[PDB]
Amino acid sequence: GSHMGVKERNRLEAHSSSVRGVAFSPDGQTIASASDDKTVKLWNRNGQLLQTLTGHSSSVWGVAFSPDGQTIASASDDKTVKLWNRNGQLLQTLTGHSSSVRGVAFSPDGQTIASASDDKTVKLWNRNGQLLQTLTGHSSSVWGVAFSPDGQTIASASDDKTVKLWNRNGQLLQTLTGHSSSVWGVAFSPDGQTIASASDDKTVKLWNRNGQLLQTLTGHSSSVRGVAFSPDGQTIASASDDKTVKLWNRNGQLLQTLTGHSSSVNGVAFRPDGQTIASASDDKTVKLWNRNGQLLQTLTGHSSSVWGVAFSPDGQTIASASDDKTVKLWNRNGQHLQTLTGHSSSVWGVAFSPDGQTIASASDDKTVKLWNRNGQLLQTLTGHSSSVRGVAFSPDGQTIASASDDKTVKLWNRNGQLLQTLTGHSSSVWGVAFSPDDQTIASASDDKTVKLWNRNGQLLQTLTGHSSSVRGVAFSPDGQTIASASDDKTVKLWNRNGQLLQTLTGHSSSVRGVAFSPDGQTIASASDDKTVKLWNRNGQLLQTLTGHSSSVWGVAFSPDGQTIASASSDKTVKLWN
């Protein structure tokens, strides 16, 4: 036989903590986001992840692109500024600030970089990366920094309630006084003639270079953390702790409010052609909007381990289930479609109905929940006495099976009425699957067995042979072969009489998940050893998918059999093809 090698194609992930800043490359093709998760991530125009910049040892507060878009700078709470290339390699680490670095900017010629710090200073560095100047003195921490379009003026925003304007020799040109509290952000208009400042006092102020106050933007109900001018200089965007972005004209009129973030908004940026807006939030997401107030896309991912994954029978949707208490729905292009919120503890399992319109989730909160594709909670299934570890839909789409630490499998209708309990396991049940025969169910248990049942509740067969917990189970497409995944480091293949047909050996730690391809020719297994392995039916290893940075807990095939999705405690789902 022949197995064509598959490769990693999409990464279903994003930041796992607050996003502090966003920036666009000069051509508008790339977005950089900076996070408390200690990383910067680079995204294409479709919101697909291109690269992660790893290396900072504390939260990243600012990010900027060079004028040609080939160098990224980042500013961190770790007291360093780092300069990177687009392959994610470190060019330079710049040290000298005595406290957190809160903001970073490149000069228009990109030969100079400016950094703003809690240490009350702004520092100017060359690309190589010698310190050129220290700008003193604000009387408190400096939170924002910007260059004028000609690069001859630097603006800094400070907790001392002022914005200061400086030349490149560190001479103070002007102080903008008037905010009644900390200034968190500053921006220049495109023509360099107007300065905007965002303040803890709930306002944005617009100034000229003489320090005269041209206009105050009032309407936010809390601190304004970020501000930006549109490329045409006619619109101002503001990002607020009130969870909104507001768009204004120069007369102070409110044009639009962008609602959708669920926590404070920290940063806002216009794409250089002015056709989209990006915002960064404490809700751990970046949101992309058009110039009409509509949400285009959310850059989001799980904030903790991903324990389960499922592919829709429609072939276009993937669901991931996470310790972060959410289920996320994604398309096959790696774009987020929807987040399902409401469980009060970890989600261990997820499944699609045969028509792809309903999602079921199994949770440590002891419930199964049913949802629609728009994210609406439709029903809670209550009855298990402990954590729910696995869930599946029948081929007819009207029965839901759940497996629990309470040693049972339960069968339910969509109104959450209990149709049947399957009792017989002597320990926790971690996996459950329906046969395509539309008659039988399989369960996998910590008691080291798989059990096969009729849907009327009768135990038909026990599969004995594993020497440790069994946590995954799957049927072949013809329903005649069962596969089980175990803590004993093997996958086993069985017939419906409980005869062992084959043992798949190779993983070097617990096997948490298994699935058969739709053509039944390929088996995939997910392991604590951080790999997915691909096998044929003779028990032969065909390929080892390496790429996850921690345990892999779940695997699923697309309906056409061409794509595999894997879920890991590295907080991501990967698509392979």
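All residue numbers are counted from 1 along the displayed sequence.
For the pair 168 to 176 and 466 to 474, the record assigns the higher mean C-alpha temperature factor to 168 to 176. In this entry, 289 to 297 shows the higher mean Cα temperature factor of the pair 189 to 197 and 289 to 297. Of the residues listed, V491, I318, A362, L132, the entry assigns the biggest Cα temperature factor to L132.
Each of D118, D283, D324, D437 has a CA temperature factor in the record; the biggest one is found at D437.
Ranked by C-alpha B-factor against the other modelled residues of its chain, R45 falls in the highest third. When all modelled residues of the chain are sorted by CA temperature factor, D528 is found within the middle third. Remark: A442 belongs to the middle third of its chain, ranked by C-alpha B-factor as recorded. The PDB entry assigns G144 a C-alpha temperature factor belonging to the middle third of its chain's modelled residues.
Sort the modelled residues of the chain by CA B factor and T505 lands in the highest third.
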